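Enquirer: Sequence plus experimental coordinates follow:
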Amino acid sequence: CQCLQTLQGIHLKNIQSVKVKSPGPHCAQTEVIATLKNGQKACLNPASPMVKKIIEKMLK
Amino acid sequence: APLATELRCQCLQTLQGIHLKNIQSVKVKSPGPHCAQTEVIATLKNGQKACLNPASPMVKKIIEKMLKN
Amino acid sequence: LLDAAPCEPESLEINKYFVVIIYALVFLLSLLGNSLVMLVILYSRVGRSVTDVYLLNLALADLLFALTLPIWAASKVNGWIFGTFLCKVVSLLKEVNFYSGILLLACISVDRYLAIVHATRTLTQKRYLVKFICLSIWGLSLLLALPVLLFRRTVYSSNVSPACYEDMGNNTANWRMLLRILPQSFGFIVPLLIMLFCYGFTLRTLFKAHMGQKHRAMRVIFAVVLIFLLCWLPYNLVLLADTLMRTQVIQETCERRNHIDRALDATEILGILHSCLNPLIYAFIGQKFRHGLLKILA
């Protein structure tokens, strides 16, 4: 697992990319890692609606 | 690790229908200084990387199922 | 599946470490040559002609470009880890001095045209406006370098190291392609055409002359034109190839991208030599400067 505790306060204007990693030998819990425009990486809760909003907005 | 003075898109052509059973991760990149179009790249369990078409409903379904966990 | 896979960027540390030494060598040579040209011109105020003023401005531009080179070398080593402020500042300085050098070469060409072709006519008297022409050229260069300052930041990728790139919004690619028109028209085409016209007519007048030193002047003109072409034509050809590829005019593939990237790197190295070669071609190829330099050394 690349995430211990999830973060908050990430606006869509600061996100550069989002990577969703499914469960497997690496980790038993689904993970979402967002790369911001400043290079920092933020861990997001997959169950939170915010991640779904970000992803659906991006895909559009 | 590499270098470049010309950022370019990470996909030349895209497919639709990658089976979730073979998906390890999915990366979505919004338009920016790299490319003028959104990019979806699925890394499979065997290491192969496959580009996907953002407009296809299949990509949205795969992503939502992955998020649901 | 292999039909649709991401293009993986290609790199070679073998050239990454070699570019550092190339840049350092060019830095040292440009520093020394431009410093000597400046010292020789500024030591004695006697015999300060129009050509001396043009050469002094050109030496200033080349010295500033060389002074910016080392930061570019370090960036090539490890990517732009220096922040956005230095990205903007160094980019502005580099591009301002690039435009200044090109336009000063064009001005020198026009000056020589007016001095040789219209030597008997009254138009030669118009070449006494060196100060304001040089000031206008510096102003135009500063104006043309604004987009670099306005739209540049450190962009972080996922497969490539951070780069002092542009950020113009969702359509940054197309806007960047359009902004490429300025360096290719006010930076290559217009100066190239002015130089070609001026030096072609200058050569036509010299060839029909009866001087004993016509031949050396013709050789120097040929060398100037050939050095300009060698320095700048390959880079602009590669840039045009990239612009055509991005617009789907030429079919796009991973290998073609790698080829264009390697060509861009090589041609940037090649074009960076103008700062080193200008002092030898324009300043120390004439007897006046060599005599002055020998005088100062005493």
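Expert: Okay, I see it. Residues are numbered from 1 along each chain as shown, chains lettered A, B, ... in the order given.

Enquirer: pretty sure residue C:246 contacts residue C:176?
Expert: No. Contact criterion Cβ atoms under 8 Å: residue C:246 and residue C:176 do not qualify, at 9.1 Å. Placement of C-beta: from N, CA and C, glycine included.

Enquirer: Quick one: residues contacting residue C:159.
Expert: Residue C:159 sits next to B:2, B:10, C:8, C:9 when contact means Cβ atoms under 8 Å, 6 or more residues apart in numbering or on different chains.

Enquirer: burial measure for the residue nearest to the second one when sequence neighbours are not counted, as a count.
Expert: Distances taken as Cβ to Cβ, 6 or more residues apart in numbering or on different chains place residue C:6 nearest to residue B:10, at 4.6 Å, with adjacent residues excluded. Residue C:6 is flanked by 18 other residues according to other Cβ atoms under 10 Å in any protein chain shown.

Enquirer: same thing with residue C:285?
Expert: 15.

Enquirer: where along chain A do the helices fall?
Expert: A:49-59 (DSSP state H).

Enquirer: quick one: the residue of it positioned farthest from its centre from residue C:259, how far?
Expert: Distance from the C-alpha centroid of chain A peaks at residue A:25, with 19.4 Å (Cα atoms, centre = their mean). Distance from residue A:25 to residue C:259, counting by Cβ to Cβ, to the nearest Å: 39 Å.

Enquirer: Residue C:184 contacts residue C:239, doesn't it?
Expert: Yes. Contact criterion Cβ under 8 Å: residue C:184 and residue C:239 qualify, at 6.5 Å.

Enquirer: Now do the shared contacts for those two.
Expert: Joint contacts of residue C:184 and residue C:239 (Cβ under 8 Å, 6+ apart) do not exist.

Enquirer: When those two are compared, which one has more neighbours?
Expert: Set residue C:184 next to residue C:239 and count neighbours by other Cβ under 10 Å: residue C:239 wins out with 19 against 15.

Enquirer: And the strands in the stretch 151-298 of chain C, which stretches?
Expert: For the stretch 151-298 of chain C, the strands defined by DSSP state E, counting those that start in this stretch cover C:152-155, C:163-166.

Enquirer: check contacts around residue C:62.
Expert: Going by Cβ under 8 Å, 6+ apart, residue C:62 touches C:30, C:33, C:34, C:97, C:101, C:274, C:275, C:278, C:279.

Enquirer: The residue lying closest to it once chain neighbours are set aside and chain A, how far apart?
Expert: Counting by Cβ to Cβ, 6+ apart, residue C:62 lies nearest to residue C:275, which is 3.9 Å off, once chain neighbours are set aside. Distance, residue C:275 to chain A, using Cβ to the nearest Cβ, to the nearest Å: 33 Å.

Enquirer: What is the burial count for residue C:297?
Expert: Neighbour number of residue C:297 under other Cβ under 10 Å is 7.

Enquirer: and what of residue C:152?
Expert: 22.

Enquirer: What of the one 3 residues further on?
Expert: Counted by other Cβ under 10 Å, the residues lying close to residue C:155 total 23.

Enquirer: who are the neighbours in contact with the residue of chain C found nearest chain B?
Expert: Nearest to chain B in chain C, going by Cβ to the nearest Cβ, is residue C:11, at a distance of 3.8 Å. Contact analysis of residue C:11 by Cβ under 8 Å, 6+ apart lists B:1, B:2, B:3.

Enquirer: The last one contacts residue C:79, correct?
Expert: Yes. In this structure residue B:3 lies within contact range of residue C:79 using Cβ under 8 Å: 6.4 Å.

Enquirer: Identify the contacts common to these two.
Expert: Common neighbours of residue B:3 and residue C:79, using Cβ under 8 Å, 6+ apart, are C:160, C:161.

Enquirer: which stretches of the stretch 151-298 of chain C form helices?
Expert: Counting by DSSP state H, counting those that start in this stretch, the stretch 151-298 of chain C has helices at residues C:172-179, C:181-184, C:190-207, C:214-246, C:254-271, C:274-278, C:287-297.

Enquirer: of all those helices, which gets the most neighbours per residue?
Expert: Among the helices of the stretch 151-298 of chain C, the stretch with the highest mean neighbour count (mean count of other Cβ atoms under 10 Å in any protein chain shown) is helix C:274-278, at a mean of 24.

Enquirer: ok, back up a step: could you dump the contacts of residue C:62 into a markdown table and include distance to residue C:15?
Expert: Supplementary listing: the contacts of residue C:62 in a markdown table, determined by distance: Cβ to Cβ, whole Å:
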| residue | distance to residue C:15 |
| --- | --- |
| C:30 | 21 |
| C:33 | 26 |
| C:34 | 27 |
| C:97 | 25 |
| C:101 | 26 |
| C:274 | 21 |
| C:275 | 21 |
| C:278 | 26 |
| C:279 | 27 |
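
Enquirer: quick one: which of the residues you listed is nearest chain A?
Expert: Using Cβ to the nearest Cβ, the contacts of residue C:62 come closest to chain A at residue C:97, 29.6 Å.

Enquirer: how close does that closest one sit to residue C:91?
Expert: 11 Å.

Enquirer: How about residue C:40?
Expert: 31 Å.

Enquirer: quick one, which of these two is more surrounded?
Expert: Neighbour count, other Cβ under 10 Å: between residue C:40 and residue C:91, residue C:40 has more, with 25 against 20.

Enquirer: Break down chain A into its strands, ranges please.
Expert: For chain A, strands defined by DSSP state E occupy the ranges A:15-21, A:31-36, A:41-44.

Enquirer: Return the nearest residue of the stretch 1-150 of chain C with respect to chain A.
Expert: The minimum distance from the stretch 1-150 of chain C to chain A, using Cβ to the nearest Cβ, falls at residue C:84 (9.7 Å).

Enquirer: partner residues bridging the nearest residue to that residue once chain neighbours are set aside?
Expert: Counting by Cβ to Cβ, 6+ apart, residue C:84 lies nearest to residue C:153, which is 4.9 Å off, once chain neighbours are set aside. Under the criterion DSSP bridges, residue C:153 forms beta bridges with residue C:165.

Enquirer: What residues does the residue of the stretch 1-150 of chain C closest to chain A make contact with?
Expert: C:152, C:153, C:154.

Enquirer: just residue C:199 next, same as before
Expert: By Cβ under 8 Å, 6+ apart, the contact set of residue C:199 is C:109, C:112, C:113, C:221, C:224, C:225.

Enquirer: Can you add distance to chain B and give these back as TSV?
Expert: TSV is the format used below for the contacts of residue C:199 (distance: Cβ to the nearest Cβ, whole Å):
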residue	distance to chain B
C:109	30
C:112	35
C:113	36
C:221	34
C:224	29
C:225	28
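
Enquirer: All set, thanks.
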